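In: no sequence on this one, just coordinates:
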DNA sequence: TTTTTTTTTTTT
Ligand SMILES: Nc1ncnc2c1ncn2[C@@H]1O[C@H](COP(=O)(O)OP(=O)(O)OP(=O)(O)O)[C@@H](O)[C@H]1O
Ligand SMILES: Nc1ncnc2c1ncn2[C@@H]1O[C@H](COP(=O)(O)OP(=O)(O)OP(=O)(O)O)[C@@H](O)[C@H]1O
Ligand SMILES: [Mg+2]
Ligand SMILES: [Mg+2]
């Protein structure tokens, strides 16, 4: 009675007590600019993999940038994988979102905001085109070992994966990402494009392009919705279909302030 | 844009390094409108290259010269020399290809022309004609990815004209109607799309929508009218 | 027969080389558009391999890209002349 | 044996 079959609570009781003691530490950093996400996702917890998807040109990158900027203010060290937008335009968008005002109008205040934003724990990767899973993941481990980052975002898996036996390399890379997340306790965010819909159906959790493993092994399936008008549709809606921790599903409308390029509070 | 005031308040201009896709109903005037846009852009600074994979290079040149002349040049051949000479100095180029060609040979000519003429606007007509030759729905994605990589590594505005799938002739063309995989819709920066109001005799009243706009996201439509005499798409009326 | 332009690598030289090639026999002298400097700096910078490969791989002056209304003028004029022949038998 | 993507027929 000494092999790898772990014994009962006689040695696991202490871990359970420790987890139950810090109930406010299991659910980690909360959101400041997003009161709705504080009552749905119950916060941001390390070691979980989440997938993001939405209609074409619906603002997936902009919303993720806002969430990352909100989380990076207090404690979270973030790493950005910009596989679609070059690192300068993304930097402009994030800076404009932080400044809460059109920085192009006033270049005299550029120095102050740049200095105040310079010390935040923000990191980027210079990868822009198609890359294999071996080279990108090595930089992830190297950045974890040095800067101690706890929130990595990859932009458009379909872009990086796109190069055979398709519908299988995607499963391999997403499994590698899940293994890296669980072995290191870093919140990995993935933006996976959906399959071709008919533009009049609400995007369900089964619309993820590829095998079903993406929805199976993910912990949060935050998905955007579009109400296609003829002129400036707006009124984007966000749904949370799956939630492993404290399962809760809900939606809430969002409005877009054009001046600040930020997703305002629900109205 | 100069002849298109509406496009100055929707796409906010023409920017290098972006790939745009054009689509519309069959025989609705996709080639003519693209010709007008390219001619209006090439006037000031833009050096353009044309892919005439459906229309032979003589008819396309005739249409472009008619649009530049703003009148029926066939009526007055005495004025042909003056407008031909005024049209000669414009930085315009074409490719001699007319039939099906693989992506490896057409792309090399683009690089060779970029290295010499410093062009920043290459237009490809009828991607379905170029792709038409297996594993279909995969070569199209490959060539679209190659075009996107070439555009981002060279910073030249690549315009693509892709046919839509077989519609019911009574439904507005959505952004998901692009023939092939959905890679074109996610991967392109502008999804300029034409609309048709099918009448029984000379319908007209073509409508243009902008479903996607990566830079300064704005969506809007504006009707267009066609001056038959000058073969030009006039200002919205 | 096959000349190779070796103008300066800076500005106002590559364009001058293009202009000279256009003035001279087109499709007969290939210009050089490499990232290295002139042959003297290349020899100084130990770029002999570059000076032997890039020069031998010079970009040809012409290509299968038909020109603007310097050619095709006759065909367009002809098609605009016998407009009654564009539409054939009635 | 999954997994998109276009196209014709039948029957909820
Ligand atoms: N709700 C909204 N209302 C108006 N404009 C918006 C809204 N959301 C985003 N935009 C605009 O759309 C532009 C593109 O945004 P973004 O880059 O996030 O799209 P994307 O999700 O990356 O597109 P794709 O899905 O094709 O990659 C932004 O410049 C932004 O100004
Ligand atoms: N709005 C309009 N009203 C009347 N005639 C038009 C209009 N637009 C285009 N045309 C005519 O239709 C003819 C064909 O135009 P064009 O070559 O652009 O079609 P196309 O888009 O190439 O067709 P396809 O989609 O089958 O390739 C032109 O000669 C033009 O005179
Ligand atoms: Mg994006
Ligand atoms: Mg056509």
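Out: Yep, it's here. Numbers count the residues shown, from 1 in each chain, chains lettered A, B, ... in the order given. Ligands and ions are numbered 1, 2, ... in the order given.
In: what does stretch A:226-244 contact?
Out: Residues from elsewhere that reach stretch A:226-244 (Cβ atoms under 8 Å, 6 or more residues apart in numbering or on different chains): A:40-41, A:48, A:54-55, A:58-59, A:63, A:199-200, A:204-205, A:215, A:218-225, A:248-256, A:263, B:209, B:218-221. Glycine gets a C-beta too; all of them are placed from N, C-alpha and C.
In: Can that stretch be said to contact ligand 1?
Out: Yes. Shown here: stretch A:226-244 in contact with ligand 1 (Cβ under 6 Å from any ligand atom) through A:234, A:236.
In: same thing with stretch A:182-192?
Out: No. Remark: stretch A:182-192 sits outside contact range of ligand 1, by Cβ under 6 Å from any ligand atom, the gap being at least 8.0 Å.
In: distance between that stretch and the chain's centre?
Out: 8 Å (Cα atoms, centre = their mean, to the nearest Å).
In: mind listing the strands for chain C?
Out: C:3-4, C:29-30 (DSSP state E).
In: Compare those and give me the one nearest chain B.
Out: strand C:29-30 (10.8 Å; Cβ to the nearest Cβ).
In: partner strands of that closest one, parallel or antiparallel?
Out: Here strand C:29-30 is paired, per DSSP bridges, with strand C:3-4 (parallel).
In: residues contacting residue C:36?
Out: C:9, C:42, C:45, C:47, C:50-51, C:54.
In: which among the residues you listed gets closest to DNA strand D?
Out: Of all the contacts of residue C:36, residue C:54 has the smallest distance to DNA strand D: 42.8 Å, by Cβ to the nearest atom of the strand.
In: how close does the closest one sit to ligand 3?
Out: 38 Å (Cβ to the ion, to the nearest Å).
In: and the residue lying closest to that residue once chain neighbours are set aside, how many neighbours?
Out: Excluding the flanking residues, the one nearest residue C:54 by Cβ to Cβ, 6 or more residues apart in numbering or on different chains is residue C:34, at 4.0 Å. As a burial measure, residue C:34 scores 16 neighbours (other Cβ atoms under 10 Å in any protein chain shown).
In: pretty sure residue C:34 is touching residue C:50, no?
Out: Yes. Contact status for residue C:34 versus residue C:50: in contact at 7.0 Å, counting by Cβ atoms under 8 Å.
In: Is it possible to get CSV of the strands of chain C that adds distance to residue C:85?
Out: Supplementary listing: the strands of chain C in CSV, determined by distance: least, Cβ to Cβ, whole Å:
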stretch, distance to residue C:85
strand C:3-4, 44
strand C:29-30, 41
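In: ok, and which of those strands has the densest surroundings?
Out: The highest mean neighbour count among those, using mean count of other Cβ atoms under 10 Å in any protein chain shown, belongs to strand C:29-30: a mean of 18.
In: what's next to that one, contact-wise?
Out: C:2-5, C:21, C:58-61.
In: Any of those buried? List them.
Out: C:5, C:21, C:58-59, C:61 (16 or more other Cβ atoms under 10 Å in any protein chain shown).
In: right, so of the strands of chain C, which gets closest to ligand 3?
Out: strand C:29-30 (42.0 Å; Cβ to the ion).
In: still on that earlier bit, quick one: which of the contacts of stretch A:226-244 sit in strands?
Out: A:220-225, A:251-253, A:256, A:263, B:209, B:221.
In: How about the contacts made by the residue nearest to residue C:54?
Out: Taking Cβ under 8 Å, 6+ apart, one finds C:9, C:50, C:54-55 in contact with residue C:34.
In: One more: residue C:19?
Out: So residue C:19 contacts nothing (Cβ under 8 Å, 6+ apart).
In: what's the residue of the stretch 1-150 of chain A found nearest ligand 1 in contact with, if anything?
Out: Taking Cβ to the nearest ligand atom as the measure, the point where the stretch 1-150 of chain A comes nearest ligand 1 is residue A:59, at 3.0 Å. For residue A:59, the contact set (Cβ under 8 Å, 6+ apart) comprises A:224, A:236, A:256, A:263, B:217.
In: do the same with residue A:224
Out: Going by Cβ under 8 Å, 6+ apart, the list of residues near residue A:224 reads A:52-55, A:58-60, A:63, A:203, A:236-239.
In: how near is it to residue A:203?
Out: Here residue A:224 is placed at a distance of 7 Å from residue A:203 (Cβ to Cβ, to the nearest Å).
In: ok, the residue of chain A found nearest ligand 2 to ligand 1 distance?
Out: Using Cβ to the nearest ligand atom, the single residue of chain A nearest to ligand 2 is residue A:230, 20.6 Å away. Per Cβ to the nearest ligand atom, to the nearest Å, residue A:230 is found 14 Å from ligand 1.
In: Please apply the same query to residue C:32.
Out: From residue C:32 to ligand 1 the distance is 40 Å (Cβ to the nearest ligand atom).
In: Equivalent analysis for residue A:260, please.
Out: 11 Å.
In: now residue A:215
Out: 19 Å.
In: Would you mind listing the residues in contact with the residue of chain C found nearest ligand 2?
Out: The nearest approach of chain C to ligand 2 comes at residue C:86, 11.6 Å away (Cβ to the nearest ligand atom). Residues in contact with residue C:86 (Cβ under 8 Å, 6+ apart) are residue C:79.
In: Equivalent analysis for residue C:14, please.
Out: C:7-8, C:31, C:33.
In: Run a quick neighbour tally on residue A:55.
Out: Residues near residue A:55, counting by other Cβ under 10 Å: 26.
In: State the distance from residue C:39 to residue B:47.
Out: Taking Cβ to Cβ, one finds residue C:39 at 30 Å from residue B:47.
In: now residue A:120
Out: Residue A:120 is 43 Å from residue B:47, by Cβ to Cβ.
In: got a list of what residue A:36 touches?
Out: By Cβ under 8 Å, 6+ apart, the neighbours of residue A:36 are A:250, A:252, A:265-266.
In: next one: residue C:42
Out: Contacts of residue C:42 by Cβ under 8 Å, 6+ apart are C:36, C:48, C:50-51.
In: how about the nearest residue to it, chain neighbours excluded?
Out: residue C:51 (4.7 Å).
In: Just the closest residue of chain C to chain A, please.
Out: residue C:35 (20.5 Å).
In: That residue: what's it in contact with?
Out: Contacts of residue C:35 by Cβ under 8 Å, 6+ apart are residue C:9.
In: Just read off the phi/psi values of it.
Out: Dihedral pair for residue C:35: phi -80, psi 0, per degrees, to the nearest 10.
In: how much space between it and residue C:10?
Out: 12 Å.
In: Likewise for residue C:51?
Out: 17 Å.
In: neighbour-wise, which of these two wins?
Out: residue C:51 (20 against 9).
In: doesn't residue C:38 make contact with that one?
Out: No. In this structure, residue C:51 is not within contact of residue C:38 by Cβ under 8 Å, at 9.8 Å.
In: Turn the contacts of residue A:36 into a markdown table, columns for neighbour count and distance to chain B.
Out: What follows is those, written out as a markdown table (neighbours: other Cβ atoms under 10 Å in any protein chain shown; distance: Cβ to the nearest Cβ, whole Å):
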| residue | neighbour count | distance to chain B |
| --- | --- | --- |
| A:250 | 12 | 26 |
| A:252 | 16 | 21 |
| A:265 | 12 | 20 |
| A:266 | 14 | 20 |
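In: Residue 32: what's it in contact with?
Out: You didn't say which chain, so I picked chain A. A:70, A:73-74.
In: Wait, chain C was what I had in mind.
Out: Residue C:32 neighbours (Cβ under 8 Å, 6+ apart): C:4-7, C:17, C:54-55, C:58-59.
In: before we move on, what about residue A:180?
Out: Neighbours of residue A:180 in contact, by Cβ under 8 Å, 6+ apart: A:137, A:140-141, A:186, A:188.
In: Closest one of the residues you listed to residue C:78?
Out: residue A:137 (63.5 Å; Cβ to Cβ).
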